[PDB]
Amino acid sequence: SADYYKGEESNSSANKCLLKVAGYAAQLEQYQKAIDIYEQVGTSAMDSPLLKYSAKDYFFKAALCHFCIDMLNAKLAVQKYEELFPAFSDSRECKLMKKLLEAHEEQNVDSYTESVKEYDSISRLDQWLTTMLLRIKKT
Amino acid sequence: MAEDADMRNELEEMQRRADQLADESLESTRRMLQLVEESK
């Protein structure tokens, strides 16, 4: 359906199909497709006037989806995203990722759990994000 | 000295009242932050 919509040049509809595909693929523990789709949609959406506000979120997910692969590439990807979208720094997402990285760099599971609990308390977490965080915490 | 005994009681009671007022204000502030976050 996304390929058909792209062949019809009707954008903003194939986008949602690609997001659904990437989100479902990320569940299957295949992260490259999810990372690629998320980053592509985020870079497409930065420039839109109306969609700009949402673009940041996509990056977050990608970085989290980039977190399971390994810590170091997640750090460097965070740097790459921040330099491209400086406003991303203002969002709570960057602070949360930095805190989680710092906690995990010393195997400080308690600090990671406390930060996750605080963030969830401020804003309820999604089942997808909950599962991803639990999978990351396994390490 | 029950005459001053009541002054001390009033003082401590207003201490408790001020504590309650501060706690209520803090809970309010938290609720404001929550709703303001939610709208986005």
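Virtual Cβ from ideal backbone geometry, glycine too; neighbours counted across all protein chains shown. Just so you know, all these numbers are worked out from the coordinates, no wet-lab data involved.
Being of a type in the set (G, A, S), away from chain A (no Cβ under 14 Å) and under 30 Å from A:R124 (Cα atoms) narrows it down to one residue among B:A22, B:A2; which is it?
B:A22
Looking at A:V41, A:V21 in this structure, which one is among the hydrophobic types (A, V, I, L, M, F, W, C) and surrounded by 17 or more Cβ atoms within 10 Å (Cβ to Cβ)?
Of the residues listed, the single one that is among the hydrophobic types (A, V, I, L, M, F, W, C) and surrounded by 17 or more Cβ atoms within 10 Å (Cβ to Cβ) is A:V41.
Which residues, taken from the range A:124-139, are over 14 Å from the mean Cα position of the chain (by Cα), surrounded by 13 or more Cβ atoms within 10 Å (Cβ to Cβ) and within 24 Å of A:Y53 (Cα to Cα)?
Within the range A:124-139, none qualify.
Inspect all residues belonging to the range A:77-97 and state whether any of them is away from chain B (no Cβ under 14 Å), surrounded by 12 or more Cβ atoms within 10 Å (Cβ to Cβ), without any contact (Cβ under 8 Å) to a residue 24 or more places away in the chain and in contact with a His (Cβ under 6 Å, 6 or more places away or on another chain).
yes
So, B:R8, is that one within 14 Å of chain A (Cβ to nearest Cβ), among the basic types (K, R) and without any contact (Cβ under 8 Å) to a residue 12 or more places away in the chain or not?
no
Which one of these is over 13 Å from the mean Cα position of the chain (by Cα) and in contact (Cβ under 8 Å) with a residue 24 or more places away in the chain: A:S48, A:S121, A:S44?
Just a single option satisfies the conditions, and that option is A:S44.
Might you let me know whether the range A:100-110 holds any residue that is loosely packed, with under 13 Cβ neighbours inside 10 Å, free of Cβ contacts under 8 Å to residues at least 60 places away in the same chain and on the phi > 0 side of the Ramachandran plot?
yes
Within the range A:1-57, can you find the residues that are under 21 Å from A:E93 (Cα atoms) and of a type in the set (D, E, K, R)?
Listed by number, the residues that qualify are A:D36, A:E39, A:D47, A:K52, A:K56, A:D57.
What are the residues in the range A:59-75 that are more than 12 Å from A:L100 (Cβ to Cβ) and of a type in the set (K, R), if any?
A:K61
Going by the conditions given, is A:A103 more than 14 Å from chain B (Cβ to nearest Cβ) and more than 14 Å from A:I136 (Cβ to Cβ)?
When the stated conditions are applied, A:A103 does not pass them.
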